[PDB]
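Protein chains in written order, with PDB author numbering: chain H, 36 to 369; chain I, 124 to 308; chain G, 36 to 369; chain A, 36 to 369. Accompanying notes for the structure given below.
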Amino acid sequence: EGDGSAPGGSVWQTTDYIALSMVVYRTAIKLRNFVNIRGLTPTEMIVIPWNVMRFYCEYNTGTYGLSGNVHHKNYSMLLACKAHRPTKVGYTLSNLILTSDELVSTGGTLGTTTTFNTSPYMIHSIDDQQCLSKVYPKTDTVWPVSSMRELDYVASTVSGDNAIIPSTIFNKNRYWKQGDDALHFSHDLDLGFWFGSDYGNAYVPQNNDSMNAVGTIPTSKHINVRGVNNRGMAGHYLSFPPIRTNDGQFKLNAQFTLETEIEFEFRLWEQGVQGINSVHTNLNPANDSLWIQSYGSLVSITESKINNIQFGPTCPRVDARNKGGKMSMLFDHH
Amino acid sequence: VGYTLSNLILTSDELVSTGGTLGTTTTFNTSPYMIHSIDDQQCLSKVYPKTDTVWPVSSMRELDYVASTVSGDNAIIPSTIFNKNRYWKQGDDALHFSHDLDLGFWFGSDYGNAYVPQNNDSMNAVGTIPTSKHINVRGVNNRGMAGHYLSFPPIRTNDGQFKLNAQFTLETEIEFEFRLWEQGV
Amino acid sequence: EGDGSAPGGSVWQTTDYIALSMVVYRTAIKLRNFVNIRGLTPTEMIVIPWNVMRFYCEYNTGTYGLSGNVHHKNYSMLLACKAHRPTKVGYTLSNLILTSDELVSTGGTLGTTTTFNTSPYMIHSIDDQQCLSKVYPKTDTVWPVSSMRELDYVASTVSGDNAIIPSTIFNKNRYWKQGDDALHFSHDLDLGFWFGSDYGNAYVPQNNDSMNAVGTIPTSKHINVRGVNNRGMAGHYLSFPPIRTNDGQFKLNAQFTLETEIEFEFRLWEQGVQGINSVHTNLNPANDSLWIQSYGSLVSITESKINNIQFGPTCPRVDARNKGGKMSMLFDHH
Amino acid sequence: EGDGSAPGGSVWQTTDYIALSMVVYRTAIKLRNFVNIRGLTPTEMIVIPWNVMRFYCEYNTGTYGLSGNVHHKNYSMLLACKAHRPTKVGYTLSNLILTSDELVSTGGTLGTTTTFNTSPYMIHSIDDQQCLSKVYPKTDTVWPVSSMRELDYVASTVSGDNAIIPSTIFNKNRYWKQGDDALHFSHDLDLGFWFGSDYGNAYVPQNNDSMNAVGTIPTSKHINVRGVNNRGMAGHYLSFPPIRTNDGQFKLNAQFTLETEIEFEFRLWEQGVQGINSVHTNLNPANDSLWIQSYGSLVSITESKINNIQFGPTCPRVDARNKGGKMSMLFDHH
Ligand SMILES: [Ca+2]
Ligand SMILES: [Ca+2]
Ligand SMILES: [Ca+2]
Numbered sequence: 036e037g038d039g040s041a042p043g044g045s046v047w048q049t050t051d052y053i054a055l056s057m058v059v060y061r062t063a064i065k066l067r068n069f070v071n072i073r074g075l076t077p078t079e080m081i082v083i084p085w086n087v088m089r090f091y092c093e094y095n096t097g098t099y100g101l102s103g104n105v106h107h108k109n110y111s112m113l114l115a116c117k118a119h120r121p122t123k124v125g126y127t128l129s130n131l132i133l134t135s136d137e138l139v140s141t142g143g144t145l146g147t148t149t150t151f152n153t154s155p156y157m158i159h160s161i162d163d164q165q166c167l168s169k170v171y172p173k174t175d176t177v178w179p180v181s182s183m184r185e186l187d188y189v190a191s192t193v194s195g196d197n198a199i200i201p202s203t204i205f206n207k208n209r210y211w212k213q214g215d216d217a218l219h220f221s222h223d224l225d226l227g228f229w230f231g232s233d234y235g236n237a238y239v240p241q242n243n244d245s246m247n248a249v250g251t252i253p254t255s256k257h258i259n260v261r262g263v264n265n266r267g268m269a270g271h272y273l274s275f276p277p278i279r280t281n282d283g284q285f286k287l288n289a290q291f292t293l294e295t296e297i298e299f300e301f302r303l304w305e306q307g308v309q310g311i312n313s314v315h316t317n318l319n320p321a322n323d324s325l326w327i328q329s330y331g332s333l334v335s336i337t338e339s340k341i342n343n344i345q346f347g348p349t350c351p352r353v354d355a356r357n358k359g360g361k362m363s364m365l366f367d368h369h
Numbered sequence: 124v125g126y127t128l129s130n131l132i133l134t135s136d137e138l139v140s141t142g143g144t145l146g147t148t149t150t151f152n153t154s155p156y157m158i159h160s161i162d163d164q165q166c167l168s169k170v171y172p173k174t175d176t177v178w179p180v181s182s183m184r185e186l187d188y189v190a191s192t193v194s195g196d197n198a199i200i201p202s203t204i205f206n207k208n209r210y211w212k213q214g215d216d217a218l219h220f221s222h223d224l225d226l227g228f229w230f231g232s233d234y235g236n237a238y239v240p241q242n243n244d245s246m247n248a249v250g251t252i253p254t255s256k257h258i259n260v261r262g263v264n265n266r267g268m269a270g271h272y273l274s275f276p277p278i279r280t281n282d283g284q285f286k287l288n289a290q291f292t293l294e295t296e297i298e299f300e301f302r303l304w305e306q307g308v
Numbered sequence: 036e037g038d039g040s041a042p043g044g045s046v047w048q049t050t051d052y053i054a055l056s057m058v059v060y061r062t063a064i065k066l067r068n069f070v071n072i073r074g075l076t077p078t079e080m081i082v083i084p085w086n087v088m089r090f091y092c093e094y095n096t097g098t099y100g101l102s103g104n105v106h107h108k109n110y111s112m113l114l115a116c117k118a119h120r121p122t123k124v125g126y127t128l129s130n131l132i133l134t135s136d137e138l139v140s141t142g143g144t145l146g147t148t149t150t151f152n153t154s155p156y157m158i159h160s161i162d163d164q165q166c167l168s169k170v171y172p173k174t175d176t177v178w179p180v181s182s183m184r185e186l187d188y189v190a191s192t193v194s195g196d197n198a199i200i201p202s203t204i205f206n207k208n209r210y211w212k213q214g215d216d217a218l219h220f221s222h223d224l225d226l227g228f229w230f231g232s233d234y235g236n237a238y239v240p241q242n243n244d245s246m247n248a249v250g251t252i253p254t255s256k257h258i259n260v261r262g263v264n265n266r267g268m269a270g271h272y273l274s275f276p277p278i279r280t281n282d283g284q285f286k287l288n289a290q291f292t293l294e295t296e297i298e299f300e301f302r303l304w305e306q307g308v309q310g311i312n313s314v315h316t317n318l319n320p321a322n323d324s325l326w327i328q329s330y331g332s333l334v335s336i337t338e339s340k341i342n343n344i345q346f347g348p349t350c351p352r353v354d355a356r357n358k359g360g361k362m363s364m365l366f367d368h369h
Numbered sequence: 036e037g038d039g040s041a042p043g044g045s046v047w048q049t050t051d052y053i054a055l056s057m058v059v060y061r062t063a064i065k066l067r068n069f070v071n072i073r074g075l076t077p078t079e080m081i082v083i084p085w086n087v088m089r090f091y092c093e094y095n096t097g098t099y100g101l102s103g104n105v106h107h108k109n110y111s112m113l114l115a116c117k118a119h120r121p122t123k124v125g126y127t128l129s130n131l132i133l134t135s136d137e138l139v140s141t142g143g144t145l146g147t148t149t150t151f152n153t154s155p156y157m158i159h160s161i162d163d164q165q166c167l168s169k170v171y172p173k174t175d176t177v178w179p180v181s182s183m184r185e186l187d188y189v190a191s192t193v194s195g196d197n198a199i200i201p202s203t204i205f206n207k208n209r210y211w212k213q214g215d216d217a218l219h220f221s222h223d224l225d226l227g228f229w230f231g232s233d234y235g236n237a238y239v240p241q242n243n244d245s246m247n248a249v250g251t252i253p254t255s256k257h258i259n260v261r262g263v264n265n266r267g268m269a270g271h272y273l274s275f276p277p278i279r280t281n282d283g284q285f286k287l288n289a290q291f292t293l294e295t296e297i298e299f300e301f302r303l304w305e306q307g308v309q310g311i312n313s314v315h316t317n318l319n320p321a322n323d324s325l326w327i328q329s330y331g332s333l334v335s336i337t338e339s340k341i342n343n344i345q346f347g348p349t350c351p352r353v354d355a356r357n358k359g360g361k362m363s364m365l366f367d368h369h
């Protein structure tokens with residue numbers, strides 16, 4: 036009888052500190068942008084940097100990326116809590132506006148204007164078969180990270196002597212016209228672990244031939260969280276259909292709104308004296324390293340400029356038993 | 124109180140040049156749109172005219188009032204910060220906006236360039252300073268109106284930005300209750 | 036038909052940024068402590084600093100309070116999110132151990148030991164009628180804030196010529212013996228508003244004769260959140276029954292465990308470009324001041340030492356229509 | 036098992052001192068009077084001082100008001116208990132007797148006598164629309180407070196050049212004849228608070244344009260009981276219909292009995308040592324000021340004589356949501 040505080044019977048025991056340390060809180064970062072794609076020939080193609088973490092949670096448009104600390108403030112506090120995990124990520128292309136430079140000439144006096152009819156389209160390509168494993172900027176151009184969210188990144192897909200029309204090689208190609216419904220693209224992440232640091236121009240976690248989701252080198256004589264199972268994202272791209280003119284190719288320009296959303300889960304500090312700031316340094320659990328794992332693989336950045344983008348999708352020809360849910364396993368290292 | 128935007132007509136100055144001989148005309152296709160923004164989160168608390176321009180009150184109902192929303196070094200695209208953004212094209216149904224006022228009191232004077240009554244961080248609905256040693260009607264509860272705005276999507280051209288011009292009809296309606304004088308002598 | 040993106044019909048409109056800014060996340064800070072109450076005569080009384088915010092979320096025991104930044108780490112991040120609110124607050128006294136100095140003498144050779152039988156008790160007093168509005172330390176002693184959670188704060192309640200036995204004036208007096216069940220005390224806060232700053236040795240919000248829950252001076256020609264309705268906390272106290280001896284009073288010493296819990300709600304940053312760090316300074320809503328309100332009333336602290344503690348409970352003789360749930364109202368100031 | 040006094044289990048706790056401090060005791064003061072209204076022309080009008088507290092609980096008639104301490108003894112002890120509240124208040128006019136001076140002349144030999152037939156009447160006017168906000172005595176006369184309960188107070192309601200017949204402007208006008216049933220008038224007070232002092236020629240509590248129910252100036256940095264909602268009393272009046280004669284106006288004189296009743300609630304002292312006379316001075320709760328509030332607004336008295344009477348009724352054109360029950364709210368002051 037009683038709560039146990041009596042001399043005999045059951046032991047009075049203190050309240051549970053786990054329950055509040057395991058509660059998963061779930062937030063998101065939503066951002067809108069206007070994208071203007073101009074002067075894109077049918078060979079060259081816009082690379083959607085949609086597999087890089089910085090695309091969703093940091094707003095790089097125009098002058099913003101030049102100014103400092105453009106991260107969304109929900110993300111700045113995800114570094115205040117002890118663990119965060121990116122979970123689902125996605126974006127939306129909406130309200131396409133095509134314009135034409137066909138009336139434009141060096142003499143001027145006539146500017147670009149929307150296409151005379153709505154038959155033209157912009158091709159949204161998803162490369163499932165990974166025709167392009169690794170994508171580089173065009174010879175003259177370069178990819179700024181400050182420019183990331185307005186989609187200027189132009190790749191020229193070229194065989195040895197052959198200029199590749201991107202829509203022809205890629206698997207899913209959506210021909211998206213003026214008036215069509217918005218194009219919604221999403222990726223679900225199921226991670227068995229959490230991140231304690233900032234992404235820092237890392238790809239949003241993927242398990243692929245190109246990259247793995249967990250970023251820490253596992254170390255000897257204990258168990259470490261290890262990536263497994265091949266979850267990855269398909270290399271999205273934007274291109275225009277080749278249309279021949281009296282001279283060269285038809286000039287198609289596109290506008291659309293870019294709505295990106297990344298949904299973070301985060302988790303808070305240990306209850307009790309363990310969570311006191313002064314004593315948490317040396318009372319921090321050493322098994323954080325077990326479930327808290329940093330970021331796996333970084334985009335290649337020299338200066339502020341992206342060197343290349345790797346995609347590596349969950350390829351359909353991997354055994355379906357490998358392609359399943361959980362992206363990490365807790366496995367030892369000798 | 125409320126208003127309606129209806130029968131949008133977009134035109135383009137793209138064919139217009141200083142040499143002339145070609146005037147503006149309706150957009151070649153109906154894909155362009157005018158963005159109607161309602162700021163729910165109050166990104167903009169207080170709005171000022173552009174540096175060169177000014178806002179006449181005599182001009183109020185034809186909507187010329189132009190604000191330039193700018194961060195420190197950053198020019199803000201209005202549609203990106205605001206909460207509800209309607210992209211309203213040619214042929215779309217009219218846009219109806221309304222605000223219901225529930226006041227516990229009445230007004231005896233003219234509004235006289237007053238905001239239609241609101242309870243907010245910026246303003247309160249009742250205008251008289253209450254005075255000592257008795258009971259006075261006091262604003263309460265935060266009823267306010269969202270900062271509606273109109274803007275066009277950025278569209279790059281060979282030079283600068285695409286020139287979008289808009290026409291629409293503005294139907295406003297304000298519904299007054301009124302009350303008459305005391306009976307008797 | 037469609038999502039609205041077509042030329043005619045309904046307006047395609049962007050995603051809602053409110054839903055994620057209104058989501059209320061709910062955490063707590065739990066801390067345990069051992070309290071040793073010694074040399075407390077029947078006139079003097081231990082003041083439970085249970086109505087001060089710093090009691091629950093900052094751990095002041097022994098050497099900890101001398102060391103820097105002893106706040107719990109869940110609270111340090113409540114300053115990272117834009118709004119937090121304290122909601123429920125409470126504490127538990129458990130596993131009482133009484134000891135006696137009766138065998139102790141200046142000659143020594145015999146130390147204190149647990150009471151020969153379990154008949155003695157420690158009195159837990161809740162002052163409902165507010166016999167003591169404002170409580171001061173004893174003439175010689177002083178109340179450190181670094182000492183807060185181990186309960187050393189001793190008040191001597193005295194009439195003009197009369198030494199008050201605390202248990203006699205106070206309303207609820209629990210005589211709590213060795214083996215009795217733990218004593219659980221809780222206070223629910225219903226606030227209509229949120230806090231954007233640190234409590235900073237503020238009383239956990241109360242509406243009373245002594246103090247109000249909202250801390251900002253309201254300013255002219257607009258509406259401001261105003262405290263209302265008298266929610267307050269009863270002045271908890273600890274004392275021992277007077278027991279006469281051959282010389283003076285029986286020496287009762289007490290041990291018990293102090294488990295405090297404070298449950299915070301918090302709320303995150305605005306979605307969209309409004310929530311970008313660089314532009315959030317000047318795009319911060321000016322109506323934050325409407326629902327975000329700081330801390331109302333501070334304990335009186337000179338140096339590190341508490342000058343006095345005010346209690347001000349929700350008194351039972353206030354009309355029950357005043358005593359109800361919501362602690363704030365949004366009311367204008369002229 | 037047991038009452039808790041055992042070593043283990045539940046805490047034996049002392050009896051509740053709230054229950055007896057919250058018990059509301061309810062009394063009343065009833066007084067009868069004979070009113071003689073003579074020489075009242077149709078322009079001038081009797082002001083019923085029925086909204087002043089002293090009307091009901093202090094008996095001012097003839098020589099009584101000249102003698103000292105004419106308060107009813109139930110009221111003298113309402114100052115012995117710690118709190119009292121006026122609640123309902125009302126009065127009755129009964130058994131009207133009209134007489135005529137028409138047969139009276141300066142030569143005499145014929146005195147006044149009851150009207151030849153019962154057709155004449157005395158007009159009881161209730162001003163709902165507040166035609167008269169503030170009422171003054173006639174130029175020559177003055178209003179003694181010692182004369183209050185026999186109704187001599189004569190106002191002359193006059194426009195700029197126009198003598199107002201009172202019955203014409205006022206809303207409810209009862210033409211009350213000889214033999215008509217008694218006229219009963221009542222006002223219910225719902226206060227959220229109590230009074231600790233004497234009324235002291237205060238209006239019985241009202242919330243109006245002219246006056247408020249709570250009399251203490253609220254003070255900084257805590258919560259204070261504040262009047263709210265517009266409960267007030269209509270300016271009752273007595274007048275006679277204009278009846279022209281061969282010379283001037285018909286002389287109507289009235290008698291009736293005035294039965295007034297005021298129903299007080301009162302509340303007693305704190306139980307326990309807190310309620311001991313010697314220690315109650317410094318153990319008095321400081322939150323009395325929260326629910327104990329004095330008197331709001333005073334009639335204007337120079338010497339013993341009333342300067343003016345303010346009425347301020349619950350006007351019907353205030354929103355019905357404002358006009359509801361509770362006359363006070365517990366609201367903070369910064
Ligand atoms: Ca046990
Ligand atoms: Ca449409
Ligand atoms: Ca027991």
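Positions of the beta carbon are idealized from the N, C-alpha and C atoms, including for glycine.
Between H/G310 and G/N109, the beta carbon gap of about 6 Å places them in contact (Cβ cut-off 8 Å). Shown here for A/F90: same chain residues with a beta carbon closer than 7 Å to its own, the five before and five after excluded, namely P84, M183, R184 and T295 in chain order. Going by C-alpha positions, G/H222 is about 6 Å away from G/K123. The C-beta distance from A/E79 to A/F285 rounds to 14 Å, too long to meet the 8 Å contact threshold. Of all residues in the region 198 to 213 of chain I, the ones placed with a Cβ closer than 9 Å to any Cβ belonging to chain H are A198, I200, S202, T203, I204, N208, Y210 and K212, in chain order. No Cβ of chain G is located within less than 7 Å of the beta carbon of I/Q290.
The closest heavy atom of ligand 2 lies 6 Å or more from the beta carbon of H/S56. Residues of the same chain with a CB within less than 6 Å of the CB of G/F228, apart from the 5 flanking positions on each side, are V260, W326, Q328 and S363 in chain order.
Against chain H, the CB of A/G39 has no partner CB under 7 Å away; the residue lies outside that interface. A Cβ closer than 5 Å to some heavy atom of ligand 1 marks a residue here, and those residues are H/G39, H/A41 and H/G44. Relative to the Cα of A/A198, the nearest Cα in the group A/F346, A/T76 and A/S102 belongs to A/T76. Listed by position along chain A, the residues whose Cβ is nearer than 9 Å to that of I/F228 are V353, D354 and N357. Closer than 7 Å to the CB of H/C166 there is not a single CB belonging to chain G. For H/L66, the enclosing beta strand (DSSP E) begins and ends at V59 to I72.
For A/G44, the C-beta contacts it makes with chain H under 8 Å involve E36, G37 and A41, in order along the chain.
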